Structure formats: C-alpha cells, structure tokens
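Hydrogens, waters and symmetry mates play no part in the numbers below; they use all other heavy atoms, side chains included. If you read the sequence from its start, that first residue is 1, and numbering goes on from there. Note that ligands are numbered from 1 as they come in the structure, with each ligand's atoms numbered from 1 the same way.
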Amino acid sequence: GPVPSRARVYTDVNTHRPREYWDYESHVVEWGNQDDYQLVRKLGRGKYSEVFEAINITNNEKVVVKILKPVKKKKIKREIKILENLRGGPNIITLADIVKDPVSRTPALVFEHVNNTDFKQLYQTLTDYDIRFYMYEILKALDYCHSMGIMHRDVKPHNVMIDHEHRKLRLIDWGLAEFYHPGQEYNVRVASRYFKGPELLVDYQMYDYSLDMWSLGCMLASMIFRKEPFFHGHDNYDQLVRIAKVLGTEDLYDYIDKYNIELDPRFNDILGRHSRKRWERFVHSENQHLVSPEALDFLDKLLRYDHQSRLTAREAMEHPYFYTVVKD
Ligand SMILES: Cc1c2c(c(C)c3c1[nH]c1ccc(O)cc13)C(=O)N=CC2
C-alpha cells in the first residue's frame, strides 16, 4: 500500500527510553489536594474540558484549572504523562498539580497562570521584530518536545499563550499530543482545520513531529501577511484545495505519488489545476513592513507538502530570519 515514512530527526528517542517514559497507559497518577484550590471564574470550555481561573490558597498564587471530561479515558493519562515528561522544558506550560474535582469526579489539571493577550488583538498588532522573537520562542518549545519524542499535533494561535508585557510565551493544551514511535500509524483527526498538515488532509497516517512545523508555517503566514487564517477552508476537503491554490497541484501530486497515496476521488471534481504562486502575491502595502526575503525563505521551507522536506524545529532556529533577534 502506502510507502512508509520515518522522522528524519529524533527517530528512536522513545525506543531507547524506559517503558515507563512512553507507556502512559501504565502511569499512576499522583494526586494533590483539591482543597488547595478555589475556583474564581470560568475562562472557557472545550470539547474535552472546562477551564477556570483559580487561586492556590496555600500561597495565594493565581492558577488555571482544567477540569477534564473525555470519552476515551486513556487520553487523560496520555496528557498527564506528556505534561510530566516535558515539565521545566523551555516555554512548555508547567503542570503544577493534579487534583480530583469533587463535582465532576474527574482529574483537574492545575497549571501556572498566564496573564494573556488575546491573539485576535495581539496578531495584526505585532511588529516585525516581535513576530521573529515569538517564533523563536515557539521553536524552543517544539524542539524541546520533539527532542523528547513528543509531537504536539494542535499548534495554533489559541494554544500559544503570550504575556506580551513580560514578553513571555507558553505552548499549552497537550491533550492531543502523542509519543512518536517510528512506523506507527496515527489518527489523522488531529489539529484544527486551518492548521492541518497535507498529510492529515490526504489521510497519510505515518506522520511525525514535522506536522507541527506545517502548523507553525500556517501561523507564520497569517502573521507576516495579516490574513487570518492563511488557508481558509470551508471543510477538510476545501482545506486541501485552498493549499493547492497557493502551493500548486503539481507539487501535491508529486507528494502523494512519492508515498503512493491515492487522493479521495471526491477531489476529482473540486481540486482542479493550479500553479505554484510566488509569495509576493500575498505582499501588499499593509503587510509589507512584516515581509522580508528572510521571512519568505523561512516560510517557504515550512510550508511544503512533503513532511520530510520541512525544516525541523532545530534547523528553523538556525535560519537567517532569526539573526536580528537578540539571543538571551
Ligand atoms: C484549554 C485552555 C483554554 C483556555 C485557557 C485560558 C487555557 C487553556 N489551557 C490553559 C493553560 C494555562 C493557562 O494560563 C490558560 C489556559 C481558554 O481561555 N479557553 C478555552 C480553552
């Protein structure tokens, strides 16, 4: 059937790690004291959790409480194990506690609070300098988790929490994250539509860390071009069409041919024939101050159909685009 694929970096990180590192099913949760925390206000709801601002009454620190509710139960232990594995890594949200909520009777994850600037407001506002700075900060998080054998699989603006005042950034919501095992087939139903990689959209299951690099590319494109989202599909099929209208259909066919992937025949009537566009197409008087040759070359190396051809997180940090950024 399909041609197999392996990550070109950190391929065997988990194979050379003890069972207990990646065997999240066997992880035993360590419970804290739910009475330490007092819920203050509801911040949001997702498909698998309700999120509250709270106070840790033992130290008076503001905190965030994520009360879980998933239908697949092993997912709870997956997120917990991932968070524990990545704790203290650069720009990774810190899991501060795990408590049993008395009302839901489910695990509640307690994180450090981030005084956040809304991305709707914060994008279309960032300077060229600030875009490069924050991209480098996100890359620190991704190289860290990739190096630890973990793919995020839901990189998007909402999951990048920015305290713009202290110029602080954290990658959050590791509930879709998975351990990368070479040759493993994964669920293509991950990530949010506008940020789904071509691999997901063509049903290619043997994907890897490089999925997050496509998502990051979608974020970068939306920032430098001031078009939110950059690839604006009406559904998952139209999502691939929107991509092909930019990257072209010939490189798409080359990609699926390389892996002996067959497109859903549904595309016969909607995909059409599209040339690759030059990135200057998307530059105009209102975004030109955010665009540079370095920015375009960097973006070009992220937004590639072939997941194997994308810059890795580590390579991306090497890019000329980041030369202007002061290295702490
Ligand atoms: C999953 C999730 C959501 C929200 C927030 C603030 C957080 C969140 N995880 C977090 C982790 C730390 C934090 O400071 C805030 C959030 C949120 O505001 N709305 C939906 C989901």
Nearest heavy atom to atom 7 (C) of ligand 1, choosing from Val51, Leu109, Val110, belongs to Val51

Do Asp306 and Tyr259 have side-chain N/O donor and acceptor atoms under 3.5 Å apart? yes

With a 4.0 Å cut-off on heavy atoms, does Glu53 reach ligand 1? no

Taking only non-hydrogen atoms of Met161 and a 4.0 Å limit, the atoms of ligand 1 in range are 5 (C), 6 (C)

Considering the heavy atoms of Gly44, write down every atom of ligand 1 situated less than 4.0 Å from one of them. 19 (N)

Check whether NZ of the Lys or CZ of the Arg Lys227 lies under 6.0 Å from the centre of the six-membered ring of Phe282 and within 45 degrees of that ring's axis. no

Where is the nearest protein heavy atom to atom 18 (O) of ligand 1: which residue, which atom, and how far? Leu43 O, 3.6 Å

I'd like to know whether NZ of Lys62 has more than 12 heavy-atom contacts from other residues, nucleotides or ligands below 6.0 angstrom. no

Just to verify, what does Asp251 make a salt bridge (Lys or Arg N to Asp or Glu O under 4.0 Å) with, not counting sequence neighbours? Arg276

With sequence neighbours excluded, residues passing side chain to side chain contact (heavy atoms under 4.5 Å, CB included) with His164: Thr117, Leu122, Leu126, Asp130, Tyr134, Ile162, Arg167

So which heavy atom in the protein is nearest atom 9 (N) of ligand 1, and how far is it from that ligand atom? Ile172 CD1, 3.4 Å

In the protein, which heavy atom is nearest to atom 13 (C) of ligand 1, and how far is it? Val64 CG2, 3.6 Å

In terms of side-chain heavy atoms, does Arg153 have a donor or acceptor partner in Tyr207 at a distance below 3.5 Å? yes

Any idea which part of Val114 is under 4.0 Å from ligand 1, heavy-atom wise: side chain, backbone, both or neither? both

Using a 4.0 Å heavy-atom cut-off, which part of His158 comes near ligand 1: side chain, backbone, both, or neither? side chain

For the side chain of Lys74 and the backbone of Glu25, is there at least one donor-acceptor N/O pair under 3.5 Å apart? no

